[PDB]
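Chemist:
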Amino acid sequence: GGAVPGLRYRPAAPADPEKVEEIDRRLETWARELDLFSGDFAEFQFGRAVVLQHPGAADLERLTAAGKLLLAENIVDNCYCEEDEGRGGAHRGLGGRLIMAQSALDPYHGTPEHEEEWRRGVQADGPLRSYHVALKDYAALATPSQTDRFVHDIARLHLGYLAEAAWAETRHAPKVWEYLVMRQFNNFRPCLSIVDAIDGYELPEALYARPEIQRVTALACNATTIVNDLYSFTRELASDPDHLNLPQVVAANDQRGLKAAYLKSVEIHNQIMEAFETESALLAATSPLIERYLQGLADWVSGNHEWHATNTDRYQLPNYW
Amino acid sequence: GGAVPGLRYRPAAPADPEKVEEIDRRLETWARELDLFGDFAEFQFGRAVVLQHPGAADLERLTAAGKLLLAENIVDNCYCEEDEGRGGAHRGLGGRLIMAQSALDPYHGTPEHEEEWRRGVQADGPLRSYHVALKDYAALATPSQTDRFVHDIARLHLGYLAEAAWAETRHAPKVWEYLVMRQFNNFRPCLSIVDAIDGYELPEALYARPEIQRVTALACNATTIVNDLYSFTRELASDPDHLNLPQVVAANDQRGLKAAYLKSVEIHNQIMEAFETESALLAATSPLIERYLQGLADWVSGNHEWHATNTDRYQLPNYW
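First to last, the protein sequences are chains B and A. For the first sequence, the residue numbers in the deposited numbering are 28 to 64, 69 to 352. For the second sequence, the residue numbers in the deposited numbering are 28 to 64, 70 to 352.
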């Protein structure tokens with residue numbers, strides 16, 4: 028009825044409604060105080080998203096912090112990637128707006144005078160304010176190693192944004208593999224970047240940076256990002272048929288119809304999930320800490336899928352079964 | 028010898044010619060077997081790394097610094113300075129740079145797509161250079177250190193994309209906004225590797241500290257401004273629309289290029305003074321931090337010497 032038939036996912040327990048509410052309440056107040064906006072905020076379901084995605088969260092403040100980051104991420108995306116610059120003023124382009132967004136996370140250093148102008152520039156736009164203050168509140172809970180991990184994953188995301196915008200401008204028709212390479216960057220990854228911090232512990236960088244740990248993190252991120260493609264397929268087919276998602280790209284390369292492309296896209300997802308779970312299991316047996324991180328990753332993926340599958344307002348499924 | 032008058036810099040001991048010469052030989056040899064291609073020594077990659085890494089553990093690690101530097105230049109030249117050839121694939125700067133990032137930061141997915149991606153990276157020189165340079169560096173460095181490098185290259189590519197967006201949209205940045213872009217579009221990926229190249233490791237937990245992040249940026253920003261100062265005259269003739277600190281200062285201040293250039297030197301000096309001053313305080317906290325800060329300083333110093341003595345590529349304006 029609500030989930031994609033044949034899709035591989037672990038059942039997620041339903042989010043504590045009183046937790047969801049308090050989070051959405053807190054996030055609303057925060058957005059207001061930062062002037063980030069006459070509408071119901073609960074409808075975007077940010078509180079529901081983080082409660083599902085971080086079932087092991089150490090406390091409300093850390094859940095709230097995960098929410099602020101997700102909110103900021105969505106604000107920047109919508110205001111810089113989804114909307115063009117208004118006519119008749121200064122014109123910086125995606126590349127220019129994004130580099131200022133990165134600076135909001137990764138602070139500028141120079142002369143006292145130029146730093147002050149930079150600080151004011153960061154205060155002058157809501158999207159930049161949201162990144163700046165979100166990271167600030169997160170950095171108060173997390174280690175510099177953890178914040179630096181998140182900043183790198185945002186850098187990835189922004190490169191992913193710029194790659195997608197480039198292809199759309201140059202009219203590039205990527206093969207499936209190349210689309211998925213872009214989607215490894217243009218990814219939910221920065222939300223999974225924080226699973227240990229939000230749960231109240233740290234996976235040290237020495238472990239995180241290991242190739243085999245980089246691999247399973249990528250596999251989780253790539254799979255759950257594809258989940259977005261699969262649940263957004265129908266709405267995007269109607270609203271902007273030129274937007275790339277995995278089924279469109281499979282269909283454009285394979286030329287065997289959308290239904291075949293969609294079903295195949297589910298199998299690709301399941302294969303990626305399979306490698307995530309098989310390799311996670313092996314890595315989990317080697318270390319209780321690594322184990323705990325992989326469970327955090329798995330739980331994020333699971334909660335994210337549940338959020339998609341039950342958000343019937345924004346996500347509809349095609350009639351392919 | 029031939030330095031910007033009034034510029035703040037520290038003496039760099041001359042490069043060992045025997046190493047410079049061997050490094051160049053190795054780099055050209057490496058380049059031919061990866062088929063990335070004339071006198072190759074004219075590029076002076078060998079002299080750059082010898083000057084930039086005076087405390088290098090050995091020739092193998094110097095060579096690794098050369099390969100990274102070489103790969104970074106190849107990508108810059110082929111993707112940022114040159115347009116895609118007509119009549120073939122068109123992916124744009126964004127598209128080419130996302131593949132370049134994947135060359136450093138491996139793709140994971142189904143075995144079929146992973147193999148297609150692998151063939152993709154092998155399919156052109158710029159991606160091959162990144163891929164093999166990093167592989168050679170990772171064999172000598174820790175995974176923390178290679179992650180640090182990948183992050184610095186992500187910064188770089190974002191920096192590229194920012195400078196390109198401005199050229200396209202015809203944006204005239206204020207001086208502060210230009211320098212923000214310049215913190216990303218930066219020599220930083222070469223300063224990223226100074227501990228590993230000298231055969232030790234600054235612990236990431238120390239690297240990640242805000243004060244260490246700050247002094248690192250100060251060093252990187254100063255030495256990158258140094259490139260603006262020495263290339264200014266050349267780019268004046270060849271690419272007047274190419275942004276550098278003097279041009280941006282002059283576009284904003286409107287007091288003429290001479291005034292703007294002298295102001296640019298003063299900005300460099302202030303940022304360099306901050307780096308030295310805050311380095312001095314931080315040094316006493318840890319022998320590893322001290323060694324790292326000296327690596328930064330020696331890189332900045334050698335990079336300045338490299339520019340100041342590359343008579344052929346860089347000239348100075350007649351402002352003194």
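Virtual Cβ for every residue (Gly too), placed ideally from N, Cα, C.
1. If we count the other Cβ atoms within 10 Å of its Cβ and call it buried at 16 or more, is A:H189 buried or exposed?
2. If you measure from the beta carbon of B:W57 to each beta carbon in chain A, is any gap under 8 Å?
3. Go ahead and label B:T255 buried or exposed: buried means 16 or more other beta carbons lie within 10 angstroms of its beta carbon, across all protein chains shown.
4. Using only the alpha-carbon positions, how far apart do A:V281 and A:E104 sit?
5. Check for me: the alpha helix (DSSP H) holding A:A199 runs from which residue to which?
6. Cβ of B:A186 within 8 Å of Cβ of A:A42?
7. With a threshold of 6 Å on Cβ separation, who are the neighbours of A:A165 within its own chain once the five nearest residues in sequence on each side are excluded?
8. So, is the C-beta of A:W198 closer than 8 Å to a C-beta in chain B?
9. Taking the runs of the alpha helix (DSSP H) that are 4 residues or longer, which of them lie wholly in the segment 93–156 of chain A?
10. Could you spell out where the alpha helix (DSSP H) holding B:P44 opens and where it closes?
11. Along the segment 105–122 of chain B, where does the CB come closer than 9 Å to a CB of chain A? Name the residues.
12. In terms of residue numbering, what span does the alpha helix (DSSP H) encompassing B:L63 cover?
13. Please report how far the alpha carbon of B:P349 lies from the alpha carbon of B:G33, in whole angstroms.
14. Out of A:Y192, A:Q76, A:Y36, which has the shortest C-alpha to C-alpha gap to A:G127?
15. State the CB to CB distance for the pair A:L320 and A:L238, rounded to an integer number of angstroms; the pair is presumed to be in contact (CB under 8 Å).
16. Give the DSSP-derived three-state secondary structure of B:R37 in the structure shown.
17. Give every residue of the same chain whose Cβ lies closer than 7 Å to the Cβ of A:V258, excluding the five residues on either side of it in the sequence, and list them in chain order.
18. Check for me: the alpha helix (DSSP H) holding A:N301 runs from which residue to which?
19. Can you list, in chain order, the residues of its chain whose CB lies under 7 Å from that of A:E49, leaving out five sequence neighbours each side?
20. Thinking just about the alpha-carbon of each residue, which of B:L63, B:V81, B:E60, B:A199 is nearest to the one in B:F219?
21. Taking beta-carbon pairs under 7 Å, can you tell me which members of the segment 253–268 of chain B lie near chain A?
22. My guess is that B:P242 and A:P278 are in contact by the Cβ rule of under 8 Å, so how many angstroms apart are they, rounded?
23. Tell whether a beta-carbon distance below 8 Å holds between B:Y111 and B:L125.
24. In or out: B:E236 buried (at least 16 other Cβ within 10 Å) or exposed?
25. Applying the 10 Å Cβ sphere with the 16-neighbour rule, what's the burial state of B:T178?
26. Just confirm the distance between the C-beta atoms of B:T142 and A:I303, as a whole number of angstroms; I'd bet it's less than 8 Å.
27. B:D156 versus chain A: which residues are under 8 Å apart at the beta carbon?
28. In terms of residue numbering, what span does the alpha helix (DSSP H) encompassing B:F216 cover?
29. Starting from the C-beta of B:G87, find all residues in its chain whose C-beta is less than 7 Å away, skip the five residues before and the five after it, and write them out in chain order.
30. Compile a chain-ordered list of the residues in the segment 298–317 of chain B whose CB is closer than 7 Å to at least one CB of chain A.
31. Just how far apart, CA to CA, sit A:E113 and A:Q286?
32. Quick check on B:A240: buried or exposed, where buried means 16 or more other Cβ atoms within 10 Å of its Cβ?
33. Going along chain A, which residues have a C-beta under 8 Å from B:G191?
34. Check for me: the alpha helix (DSSP H) holding A:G78 runs from which residue to which?
35. So if I threshold CB-CB distances at 8 Å, which residues from the segment 197–229 of chain A count as touching chain B?
36. Quick check on B:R266: does DSSP put it in helix, strand or coil?
Modeler: According to the structure data:
1. buried
2. no
3. buried
4. 28 Å
5. 175–201
6. no
7. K99, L100, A103
8. yes
9. 124–136, 143–154
10. 44–60
11. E116, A121, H122
12. Run containing B:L63: none; DSSP gives neither H nor E here.
13. 14 Å
14. A:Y192
15. 7 Å
16. coil
17. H300, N335, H336, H339
18. 289–314
19. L91
20. B:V81
21. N253
22. In fact, because the Cβ distance is near 44 Å, the residues do not count as touching under 8 Å.
23. yes
24. buried
25. buried
26. 6 Å
27. Those do not exist, as B:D156 stays about 13 Å from chain A at its closest Cβ, beyond 8 Å.
28. 207–216
29. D230, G327, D330
30. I299, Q302, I303
31. 28 Å
32. buried
33. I130
34. 77–84
35. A197, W198, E200, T201, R202, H203, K206, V207, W208, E209, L211, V212, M213, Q215, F216
36. helix
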